């Protein structure tokens, strides 16, 4: 019964939090805005069907528009937010209809006020899944319908391709998820629907299905009381637990303890370290991630360029033709997760034999096979996205094309081969680790924790399958975040962490006992806040008001584990010094330390800059989000992968040929460039965009007009300095990875014994 209480706590934490999430998941499904079987006029004339709405949404995914603009604040920022934009048109129309832009202020005042009292009342009948909307609203639906036909035909005057939507892209009829009916009327319908629930009061409630989001006076959308109250409450509860956790942390010494006495640093003779065929094979895995990292960055350079030159890349042509923003965005996200995730799977391959004590038979075979599996998935899924968005696919867009969800752009059959790949991966890890699990008595020991977390990798991605074209937007978004917020960060904040504890225990730098207890404490506070904290993504995506409290409170608690960082980085810096200038893992620790500092600054402070429900009300779906997004994603996960990537490359390259000079340069260039693009561009544009929404309405902050202001453009233009500096850091890494295969060692032991 070694760490019994810590186990009860962790298990209980996981149990309780998982329930809350599921309960809240249920309340969403049950309280999200409805999609009526028929929405119609005062004459009883049907204009919309649950099937239309599902289709509009479907073509929106079909054409990967979520990698261009947003809906309900989620998606890309090059384009606008269709919910807020469609809501304005629909509202403007209602004004004109009742206006029968020339009226007096005393006059436009009256009408405005009239459309307010009329549009915010819920006219949906729960008893009968049908919604009826006044004429003033139908006239509005018209303007919305016309508006987007012009848009998806003529373009949006900013980055969007002309007449991108065309029937010829899909069969006469019997179209996959989109309905038998003009496609660009389904879209206008989908957009209108989101715009409908965003401005219509929930039944019995006093605020809308999105808690009065987006901000927009003309529609009566203003900040809710919950948004302000929970901003204060969430922080006070955080202040309360920081104290409590700090005390628990201090009283139980819940951190790693050095395993060596003063001056007694352990010897690290990498030259006489068993090496196996599967490890050296996992070595080339890293040069590819290093390469995917290179291309991923480039697409980023491209996206940033498009804010300054919308439809061209320095005059050239094919570029905006074959590689437009939405498509480039998708790859940027897809490759980010791909190279970072993949870096840790490789790390898993690499340490697997070490945990077991030998090379599993056919390991190299399986490893090599897993290799060409992802390489296919990557090259393949990307090809699919191109064909899918472009229309050179039929009803195979969902299965092989672009699924239409930011962060989840690959097609389902592509997702299937993904899980199998991970499943295989899992098998490979298990084969090599298996015997370790057998020698390890304590079922909650290091190796068991390493194995339990490793399995969450493939398993947890399965929740993505609860998502498909006809799912209600809010409910599908609910599950999407399980992958973005729980999965991606489950791959890195749990698996990676236990993998490092293992590495530090192996190098004999920290006591094993000390380490597993530490992991327990981290996992409980990490899952104790993060699981429910997922909710801050549900403030305004249409989920019930309950998530504003739940999300605000638990995401704020996520900061707690983060402050026990700047000081963990120091303990690491410290032992890095305890090892002289001949310390083999210098580069690894420099990236390790950085991961930690960016965790406090990128996720901690920049993430919190936009966490308050009162702030998010205006900020949600704006430049500060990417500001935080980079500081956190690249600052934390990227650096971490790189730390581990270099750790392996060190156990594979012949020492004599190694030189961490170039790595110091990369580390400096990566860190400075990241901070530079966040501070010099993303941050200041974010403030302007939030200010712009506060004074004119969120629609104004999301119009291309905002991106066109000179001030915005200059801010946007100077991003090239730090983006280049970042780019330089990544090529140095690439160049070090590539010309590293030229100095590799060869396996010491085969299916032998270490």
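Positions refer to the first chain, counted from 1.
- Where coordinates are absent for parts of the deposited sequence, a chain break appears; between neighbours residue 264 and residue 265 there is no such break.
- The question of which stretch, 628-636 or 130-138, has the higher mean Cα B factor is settled in favour of 130-138.
- The deposited model assigns a higher average Cα B-factor to 168-176 than to the other stretch when 168-176 and 510-518 are compared.
- Taking the PDB entry at face value, the top CA B factor among 481, 492, 617, 668 belongs to 492.
- When the C-alpha B-factors of 647, 344, 241, 398 are ranked from the entry, the top spot goes to 398.
- Among the modelled residues of its chain, residue 332 has a C-alpha B-factor that falls in the lowest third, as given in the PDB entry.
- Sort the modelled residues of the chain by CA B factor and residue 27 lands in the middle third.
- Residue 696: CA B factor lies in the middle third for its chain, per the PDB record.
- Ranked by Cα temperature factor within the chain, residue 711 sits in the middle third according to the deposited record.
- Among all modelled residues in its chain, residue 704 ranks in the middle third by Cα B-factor.
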